[PDB]
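A short worksheet on the structure shown next.
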Amino acid sequence: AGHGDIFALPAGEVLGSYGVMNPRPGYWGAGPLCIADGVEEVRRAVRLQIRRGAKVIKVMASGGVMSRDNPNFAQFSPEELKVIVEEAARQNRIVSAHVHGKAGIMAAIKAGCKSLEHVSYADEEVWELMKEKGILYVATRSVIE
Amino acid sequence: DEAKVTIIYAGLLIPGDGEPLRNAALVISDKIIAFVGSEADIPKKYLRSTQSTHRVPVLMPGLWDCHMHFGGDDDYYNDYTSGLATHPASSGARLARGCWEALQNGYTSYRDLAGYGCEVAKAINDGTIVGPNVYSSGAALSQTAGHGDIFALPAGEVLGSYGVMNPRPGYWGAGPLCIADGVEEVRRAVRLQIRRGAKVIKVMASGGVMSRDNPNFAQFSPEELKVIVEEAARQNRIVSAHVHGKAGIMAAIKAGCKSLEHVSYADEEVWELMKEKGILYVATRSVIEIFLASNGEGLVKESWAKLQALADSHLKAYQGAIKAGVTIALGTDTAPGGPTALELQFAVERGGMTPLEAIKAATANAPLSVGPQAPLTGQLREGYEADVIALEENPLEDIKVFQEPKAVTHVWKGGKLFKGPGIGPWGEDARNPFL
Amino acid sequence: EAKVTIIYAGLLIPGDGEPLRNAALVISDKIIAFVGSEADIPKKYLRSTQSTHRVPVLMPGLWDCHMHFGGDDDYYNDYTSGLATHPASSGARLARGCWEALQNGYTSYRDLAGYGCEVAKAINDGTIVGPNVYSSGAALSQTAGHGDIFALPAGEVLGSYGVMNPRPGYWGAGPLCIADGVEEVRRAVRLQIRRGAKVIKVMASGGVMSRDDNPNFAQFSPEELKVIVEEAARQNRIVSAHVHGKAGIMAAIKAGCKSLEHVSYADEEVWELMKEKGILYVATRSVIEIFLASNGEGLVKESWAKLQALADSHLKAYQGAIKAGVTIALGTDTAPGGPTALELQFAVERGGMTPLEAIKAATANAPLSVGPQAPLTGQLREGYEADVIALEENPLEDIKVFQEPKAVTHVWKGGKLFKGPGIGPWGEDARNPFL
Amino acid sequence: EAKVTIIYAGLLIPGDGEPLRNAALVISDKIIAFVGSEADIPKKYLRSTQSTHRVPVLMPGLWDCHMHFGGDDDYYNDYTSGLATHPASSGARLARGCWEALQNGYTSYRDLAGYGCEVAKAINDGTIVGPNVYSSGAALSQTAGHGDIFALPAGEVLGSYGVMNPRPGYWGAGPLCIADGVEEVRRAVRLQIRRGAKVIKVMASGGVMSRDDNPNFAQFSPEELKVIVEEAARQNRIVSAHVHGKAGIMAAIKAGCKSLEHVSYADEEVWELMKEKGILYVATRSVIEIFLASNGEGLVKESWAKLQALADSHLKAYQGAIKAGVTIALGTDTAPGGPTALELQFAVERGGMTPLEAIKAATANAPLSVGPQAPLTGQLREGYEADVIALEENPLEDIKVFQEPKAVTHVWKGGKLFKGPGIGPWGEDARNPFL
């Protein structure tokens, strides 16, 4: 049910294709999207991208005004984000977080993400944190335009 | 094109929370209520701009039932097996009749706590059918061997259908029930309901006297309940917990649930906690009353003693909560179109509410049952949503008035007339959506 | 005590045969007890009748022999919506449609792909109202056939709709069934019957879906079609074949199909075979007319030349069949509540039927579309089923009269009034089924 | 307004027939409007033409009738790379290859195993450029057949490429399809058609892969081959059979295959049958020549004696077929962009064709390799498709001229210039399709 999910399809088709359970023939673990719920699953989720030669890890950490969906709501738990960062860090990758609302922004920061996309509700507080922590700001303004 | 303005003059206007007005008027502008006050005080701009006026004896908010189940089961299986065996197309057809019927009784909002509310609301919102505002849980979450489980079927069939492992074709993750065990699974369990558009999350947090089963025993671990609350909270939902025994009640509270159903063993301590924490109490007395009316035909002696003991507790709990001034809303655990109005009767005649408090429980308080997902509604006030009904008779003099749908003469939902003089079955300006 | 109703008609169109003037029809319970002149009504019925009516025009309830009970979300334009739309949503929407159908005087639908079986359960238990629904269950298609969803990958489609790999999730109960080989095709027919299918529908040719799609190519092997017919035959169903090109037509015939849809490349040889073998011809002209009215907005040059060539051929086929006196019924390939009446217009204005023959195609002939599953119906005759409608205006003078539902004033299905003066939305003596 | 181009040619090689000197060809839009002497050009074209060209040599676009669209990672030497290489990698690599193909004057490829169907989508939508691709989809092989990957265990291979057990992961859409039994083999052909396959390819014999492998042994039963042909035939495809030994050859013929690859043990009897039945002979000599050039580096004594014995037999077969006047086309079993031109050299220097007959095999005859899926093409004639190339040098004097792509100066596919003076890498009027 996150920003990467394909809401128009039923849930079984999507997790069948892109979940980190149920290994099978058909280039399992090697698509545009990976859906993982819970600390256990998110470890295999990062590990599967590294397996392909990923040089960065990308999380959806907020909603994205896809339906009448809320960009203000955070996505993934802090517990999952922390683990995702740590997994990437162990292989010398960073994590880049899709964030709009301040709650998602703050959680991605707190977790250890070093790059943020859109960052649409960034304010004074976010700017100072990003400078203090050396976190890249990638506005992606073309999408809004 | 200008705003669509409607003036409704009322002999008696029951706002929902607060003293009723005599010789009052309410103005609707488009979807919201633009003015409430005396007939004398209507602003002149609305007298100028109005396209339609009405005069009725009694005006009040659209009613809520805060505990419905959108199941539409075939009649065949008497237990929960029907939920699994009934094809959802059948369920959906039947639920369409029920939501129509709900609207005709002045029920403009339902909180579905287990079933297809999400899926059926799509056909309400796109205009294909008509119905109340539906705030749905999607599936009720239950542990294995919990109150949601179908004990009569073997475990593999049930978790195959309703578990959060083993994704597959067949509308996986989209049934009346979701079974999840452990912190990991319960995260996907909440997430799957949100995926469907759930506007509340419902947990089974105690047993429910289904077998010679214990309502005193809690269900789910505290660890799971905490996580379930947090998951809902992150998407700005609240969690509503089915609870009977005090252990389950206390655990649901501790976890962060903001709504409790039945609450049968609630005592002094529970009442104070619910007030302190702003937790809605939904007694669902109609369910108890059903099996009191059966009177123990074909039940063993001590299993009937057990139901009465629970019923008596449930009664004291509700009475004490009302007297203690716990915040209360009404629900019945029925199918759409069912006898939701009965709960007003029981609120008065069992609970001991005044008819006015009973109405408050079914209107002004009821949106609390979805927390932050509630619009400003359930009250006749400026700025609130135009969910308004009119009655022929004064329900403060006889609360049973609500049980004759002929007595609800006009129904507005979101400023639109769905029932009223010269208004068709599918509401005003209804067009066949298949042409 | 039999429930007797007398209907006096200025004009009585029986369905097959010369219309009567100054006529009457008697209903006794569910069957038609008498048809003849007002003068000749038997006196026993004048004595026993509890209600009488007087109307300008009376005729049989109308049939559409080619409907699809899909109720899809609007989101996906193609067949993906059939898979992605949750069936609870579909069922809700189909309830509106069946209501709407009945209001237009359509008392029978033959669903050739979808949830007719599942929705008819809610009609028959009285929860909603609608036409008599004879459903195929899923349309049978080969892999890469006209029923397949080419835009999705193959695994997703056969996972959802194949006859292998049984699993939780209403397996074997969707709008589509894909089966390859004699073995699989036995289970394919059997699974529809399991749902209560009253006809079996095959895709036996391509259907100009893409540019690499060819309506001239047959689908399924003769070996599979033969077995499909035999399986249906054993349960006293017939098979209805979607066919365009002559190769597919000839194969469906050879196999034993007794109903053909579209039949776009039917020529002399096909017409004679259909008459010789008693095979119903359902043109489904409305489908061609839809993409003629688009006129090639955003289509490549030669792909529009291809549709017109098919459309032209489909026209000549239909015209030739009518002239050759092939037995014909009407269908539209629409959702319930859709514009079924249009097909009468096209039967006259394209096909070249007389308005009277057009009515025959939508009434007396239409039960042939389900073979031995048909009761004696579609005609105003003694002993036939009381599916009867009344109109304000004479449709023999303007066949487009059927396209104003206000013009159908009374609808009886099985002797029960579902529309008529002072009669509610859910029919006479309707009760809320959830109380 | 038609887009008209005049090409003056010192030498025009039409494909089937005597070459013209001092000739011209007119293109109108996508088809060839005129072929004849420069003197005889119709005046209307001299008036209407927007561009003219003058070149030494003009002929049809070349065909390779035996390509494999694999795009494998280099890592695995055997067939394992087909399974292990991610198809996104394969597709990228195949884009270079199709570009490179077009630059050498190859305007049509018949892919007999791989992703031709999937890559042609990006050619046809204009994202990349390439030849007309007629693809088999996956090659069909029995378990333990020439398509099987013996080095992996059986479960992994049938999990990936079998026609049972549909699942997420682009099921049914790989370079290989394994099917055993009549039932499975229906779905096998159907799955390729689903992808847009324009020919069906079977493995009908062994292929000296190992020492326990025998090219003399047939593969698939006659029962399976018959059904495979019939399935293809119903969609207007033909089947092309990989065959070495006479038993496999005879079975493929008997079944109804209309194209044979390698045909290494073809003798008098086979030649006559192929002529009698109109069966294309594609020798694929380049494959034999590769392992002749290795010369038995790290091969056992008798396993090198086995390859030479096959190579010799393959040679006599091809030579005899040419002399017997069997209809022949050319293919190489290479990746797109590979050394397709080599096969012309071998047709002359091994087969003993004249350079003119060699060109006929790569042009006028080559569309026979897809039977009814062929447009009128491979020839410079009025009404045929404008797939035209120009060379700097006369290939009738040196057939190796084709192996320098600098020597192909102009390439037209469907009347559109993809290579020529002042013309960019992606062809004329190319736009970045992502803006």
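To match Swiss-Prot, the residue numbers of chain D are left as they are there, and the shown ones run 46-480.
So how was this one determined? The header says X-ray crystallography, 2.5 Å.
Each Cβ is built from the backbone N, Cα and C atoms, and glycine gets one as well.
Listed in Swiss-Prot for this protein:
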- D:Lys246: active site (ACT_SITE)
- D:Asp378: active site (ACT_SITE)
- D:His111, D:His113, D:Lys246: Zn(2+) 1 binding site (BINDING)
- D:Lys246, D:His287, D:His307: Zn(2+) 2 binding site (BINDING)
Between D:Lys246 (active site) and D:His307 (Zn(2+) 2 binding site): CA-CA distance (Å): 13
Other C-beta atoms that fall within 10 angstroms of the C-beta of D:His111 (Zn(2+) 1 binding site): 30
D:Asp378 (active site) and D:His113 (Zn(2+) 1 binding site), distance between Cα atoms, whole Å: 6
By Cα-Cα distance, the member of recorded positions D:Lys246, D:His287, D:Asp378 nearest D:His111 (Zn(2+) 1 binding site): D:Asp378
D:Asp378 (active site) to D:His287 (Zn(2+) 2 binding site) - Cα separation in whole Å: 11
Local backbone state of D:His113 (Zn(2+) 1 binding site), from DSSP in three classes: coil
Candidate with the highest Cβ count within 10 Å, taken from the binding-site residues D:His113, D:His307: D:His307
Long-range Cβ environment of D:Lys246 (active site), under 8 Å and at least 6 residues apart: D:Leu157, D:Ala158, D:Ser181, D:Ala184, D:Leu185, D:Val284, D:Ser285, D:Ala286, D:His287
Densest Cβ neighbourhood among D:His287, D:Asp378 (recorded positions), 10 Å radius: D:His287
Residues from the recorded positions D:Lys246, D:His287, D:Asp378 that lie close to chain A, Cβ under 8 Å, in sequence order: none
